[PDB]
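Reminder, nothing fancy here: chain letters follow the sequence lines and each chain counts from 1.
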Amino acid sequence: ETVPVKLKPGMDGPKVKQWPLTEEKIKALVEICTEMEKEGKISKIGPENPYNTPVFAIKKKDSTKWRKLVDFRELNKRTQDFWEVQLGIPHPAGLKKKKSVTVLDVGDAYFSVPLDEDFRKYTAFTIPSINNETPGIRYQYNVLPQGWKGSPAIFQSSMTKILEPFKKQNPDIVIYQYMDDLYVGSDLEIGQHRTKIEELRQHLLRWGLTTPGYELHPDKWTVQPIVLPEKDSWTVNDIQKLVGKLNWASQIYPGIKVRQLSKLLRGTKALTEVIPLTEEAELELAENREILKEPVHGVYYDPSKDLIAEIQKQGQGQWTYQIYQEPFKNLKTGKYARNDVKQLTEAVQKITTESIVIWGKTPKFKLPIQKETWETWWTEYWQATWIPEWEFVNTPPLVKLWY
Amino acid sequence: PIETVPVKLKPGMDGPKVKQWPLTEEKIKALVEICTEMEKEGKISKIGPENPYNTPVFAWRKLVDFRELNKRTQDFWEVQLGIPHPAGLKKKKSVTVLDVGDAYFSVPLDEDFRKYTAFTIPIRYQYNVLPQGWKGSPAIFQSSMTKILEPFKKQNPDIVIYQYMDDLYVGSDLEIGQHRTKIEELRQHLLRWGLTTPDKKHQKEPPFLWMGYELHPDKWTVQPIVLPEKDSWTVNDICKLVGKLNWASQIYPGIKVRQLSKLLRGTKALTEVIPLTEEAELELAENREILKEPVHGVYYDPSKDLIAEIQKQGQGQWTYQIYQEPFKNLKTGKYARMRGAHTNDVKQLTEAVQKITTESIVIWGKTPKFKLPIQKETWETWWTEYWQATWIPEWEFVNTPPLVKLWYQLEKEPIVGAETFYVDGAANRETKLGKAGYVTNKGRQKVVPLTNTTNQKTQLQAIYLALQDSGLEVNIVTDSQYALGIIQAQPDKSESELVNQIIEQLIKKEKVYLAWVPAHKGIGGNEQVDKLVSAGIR
RNA sequence: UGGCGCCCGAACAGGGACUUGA
Ligand SMILES: CCCCCCCCO[C@@H]1O[C@H](CO)[C@@H](O)[C@H](O)[C@H]1O
Ligand SMILES: [Mg+2]
């Protein structure tokens with residue numbers, strides 16, 4: 001039998017409007033949805049279904065075939081209770097300590113489990129049409145949809161049975177699926193890790209489960225600490241830029257002081273005037289430098305609170321990001337190095353993958369991009385089977401001074 | 001024989017009970033005759049005792065009102081929020097338009113939901129078909145007609161059918177005779193489901209006066225836009241004019257609407273005569289000259305490539321033409337939106353490009369090739385030096401006079417041998433007056449009293465004062481993140497006169513370095529200028 | 001009486017930058 005699913009009390013299913021899609025994406029969606037309907041995975045619905053979740057088409061990594069990407073973010077929010085409390089998937093704290101972490105895709109196995117009859121209504125999506133020529137094609141899921149956070153919650157009972165022989169045969173390999181992927185971490189040589197991943201793929205194929213950003217190395221992940229300029233000659237402009245940077249950083253590191261550095265900017269001086277740092281000023285600068293290299297002390301992950309990711313466009317293809325739950329409490333600060341939209345999409349996907357590997361939870365992204373440009377072009381470079389919750393903000397001019 | 005859509009009331013709710021409107025003497029006879037006619041047609045049935053509901057009906061036709069029932073019924077998901085654009089229609093050799101007589105009345109209504117549509121007159125009738133004006137009638141009719149057309153659409157891939165509210169746009173690349181045969185086949189198929197359509201000598205020929213457009217066999221346009229040539233202009237007249245020439249802007253190029261819309265700022269009465277500004281009069285004359293000659297659009301050709309060319313016409317105004325062959329453009333348009341209080345030409349061009357991209361994807365499902373009046377070097381500089389993830393798709397430079405460029409750039413490092421200006425501004429919230437001033441490493445000072453000003457305005461005034469009082473090269477040090485961000489955005493035009501003065505003075509300056517220092521940290525000259533402008537405010 | 005496109009106005013919420021007082 002199916003697993004009954006109920007939305008949060010007093011809350012109604014998603015009614016998110018479908019973003020316009022291109023002709024090729026619409027054709028790909030039409031063909032794949034016709035195939036799915038023939039296979040019974042989805043069914044056509046009438047107008048009596050007020051719920052809708054936007055559906056996009058993407059091309060997965062190293063693949064030319066199109067893939068459907070239903071944006072179940074609203075449905076995920078509305079099933080939060082169900083899929084987090086009563087069928088939650090524990091996150092292994094040792095996945096981030098593994099030399100290699102490969103990311104398999106196992107969402108095709110969800111289509112073997114029927115969806116709750118009373119919940120299929122909310123898993124409703126529309127394929128748009130060009131120029132509103134014809135009404136959008138409305139579909140509805142008859143099986144556990146990909147991208148819904150309750151699909152892994154319902155399928156984990158089967159997944160544990162599938163993986164039990166594998167895990168017993170080698171208990172040193174950490175497996176963890178978040179929504180549709182299967183993060184497999186091990187401390188083996190990349191050749192041996194690939195061999196064991198092939199063995200796991202054969203194991204999944206034996207148990208019916210199918211499987212085709214992909215290989216991760218959380219062992220070689222380091223934070224991007226704040227670095228002060230290292231100059232032999234200091235100008236008034238340089239010293240006051242340093243003082244501003246340290247004053248901002250003091251909101252993060254209580255031990256940062258600017259007293260002796262600010263004591264150098266005593267009078268009204270030219271920005272190009274060269275000021276030789278005093279003994280006290282040099283010592284305090286050294287102390288600030290030593291305080292800054294180490295990570296902040298007292299910042300701990302709170303599973304109750306949502307993760308927030310801020311990204312700054314540093315220019316020249318370089319991006320800096322910070323992951324935090326409270327302001328000035330960065331859990332992780334890093335840098336992404338390579339088209340601004342493509343680079344931002346790649347940065348967002350990498351940051352989300354790191355967040356999944358570390359805390360098993362995607363963050364909320366404050367994207368330094370105009371909202372229309374992102375909603376227009378993000379699907380042109382997206383390759384993940386999941387979609388993180390994002391908002392669009394205007395990066396302060398002085399916050400781009402993370403490097 | 002059309003399969004009905006299962007509909008139900010909202011959870012924990014029952015059909016409305018609304019008394020009849022005040023009409024029982026004159027329109028009563030017409031309503032009774034209409035009800036009897038519908039009952040004979042079978043679309044209306046009589047149920048008196050077992051239908052404890054009612055709706056407010058008021059007529060001649062019978063415009064039954066379902067305002068209460070609309071909010072008592074489970075919501076639907078309408079998809080045709082917009083309307084098809086003629087530019088998006090495919091150029092078909094032969095086109096026929098079929099109107100569906102009695103569109104809703106041919107679609108039955110759910111048996112369980114029939115009672116809730118009680119129809120009582122001073123008798124108790126109930127709808128057997130989709131009621132007019134009901135919230136669920138449009139979606140249900142659209143779904144039923146899609147289901148009906150699916151067997152025909154699949155069996156006739158060549159025939160393209162666009163369904164509007166009650167109109168069938170049937171296009172085919174077949175010869176006139178074959179197209180007529182297919183149209184008769186479609187009419188018979190619809191009649192098999194009870195949807196009656198006109199015959200050969202009942203069909204409407206082109207042009208098709210549809211939704212403000214004039215659809216011709218091989219071109220499209222709008223109905224003639226006869227603007228009112230009057231002397232006085234009320235806010236109602238200005239709104240009507242703006243709407244009329246906004247409709248024309250999609251085909252007529254060069255249409256400007258900024259001064260006319262600006263005339264609608266602060267207006268309260270719908271009849272207040274407006275003193276049409278000289279700029280507004282000139283813009284209206286330009287629009288009249290544009291509208292003097294007819295302009296027609298062409299239909300979409302998927303075999304050709306979709307080109308979009310944008311032109312800058314000043315005052316933050318952009319016009320674009322989307323075409324596939326030169327001098328024959330599918331549709332035109334304008335982008336005059338001012339996103340944010342401050343902007344420059346490059347950001348506005350990026351916003352216009354994004355708007356055109358979304359518009360084209362909506363109409364044609366594909367982004368167009370962009371022909372922009374901006375040099376590749378200018379765009380490279382902007383988007384490399386800009387803090388946003390701005391990006392425009394494949395575009396080509398067009399050497400038109402009004403080229404898009406950046407009128408000034410801020411130095412990345414302090415200017416050697418220039419003068420440093422430490423600018424600050426303090427505003428008294430209570431009195432609303434403040435001060436702005438500057439101090440210089442050379443030893444100069446100046447404080448200019450302000451009035452009816454805020455802290456941000458005082459900071460901007462201080463920066464403007466420093467720019468005025470400095471040579472061609474100036475280092476300006478400010479403690480205001482607000483002004484720093486505004487200036488670093490490199491705006492070209494602004495909604496604030498002070499910011500426009502700052503912009504023009506920056507354009508005058510050959511080199512301008514703008515530094516930021518935290519306030520109240522005792523940083524050299526910042527504290528001095530704060531003490532200067534803090535006497536009357538702090 | 002309802003939807004769509006545009007414009008004005010208001011209240012909400014939040015995402016930020018500042019002034020003063022306690
Ligand atoms: C684009 C999808 C709909 C196109 C067909 C619209 C119906 C045809 O247009 C019709 O033209 C007539 C005069 O010719 C007018 O009297 C009607 O009001 C109008 O509906
Ligand atoms: Mg100040």
Taking the minimum atom-to-atom distance to the side chain of B:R265, which one of C:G16, C:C6, C:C8 wins? C:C8
Would you say B:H520 reaches C:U19's phosphate, i.e. side-chain N/O to OP1/OP2 under 4.0 Å? yes
What's the CD1-P distance between B:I225 and C:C6, to the nearest Å? 17 Å
Tell me if the aromatic rings of B:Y169 and B:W210 count as close, with their centers under 6.0 Å from one another. no
Choosing from C:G15, C:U20, C:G16, which nucleotide comes nearest the side chain of A:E310? C:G16
Take atom CG of B:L245 and atom P of C:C6, then tell me their distance rounded to the nearest Å. 15 Å
Do the side chains of B:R339 and A:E372 get close enough for a salt bridge, i.e. N-O under 4.0 angstrom? yes
Selection from C:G15, C:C7, C:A17 that lies nearest to any side-chain heavy atom of B:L264: C:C7
Rounding to an integer number of Å, can you tell me how far B:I255 CD1 sits from C:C6 P? 17 Å
Rounded to whole Å, NZ of B:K71 lies from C1' of C:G2 at a distance of 12 Å
Just the rounded figure in Å: distance from P of C:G2 to CG of B:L69. 14 Å
Nearest of C:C6, C:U19, C:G15 to any side-chain atom of B:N246? C:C6
Can you check whether B:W247 and B:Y252 have ring centres sitting under 6.0 Å from each other? no
Any donor-acceptor pair, under 3.5 Å, between the side chain of B:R429 and the base of C:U19, if you only look at N and O atoms? yes
Can you tell me how far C1' of C:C18 sits from CG of B:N526, to the nearest Å? 14 Å
Atom-pair distance (CD1 on B:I537; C1' on C:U19), nearest Å: 11 Å
Would B:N452 and B:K457 count as having a side-chain donor-acceptor pair, cut-off 3.5 Å? no
Does B:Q481 put a side-chain nitrogen or oxygen below 4.0 Å from OP1 or OP2 of C:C18? yes
Does OP1 or OP2 of C:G16 have a side-chain N or O of A:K366 closer than 4.0 Å? yes
Within-4.5 Å side-chain heavy-atom neighbours: B:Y127 and B:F66: yes
If you assign A:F392 and B:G243 each to the RNA chain C nucleotide with the nearest heavy atom, which residue ends up on the more 5' nucleotide? B:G243
Return the nearest nucleotide to the side chain of B:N455; candidates are C:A17, C:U19, C:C6. C:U19
Just how far, in rounded Å, is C1' of C:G3 from CE of B:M165? 7 Å
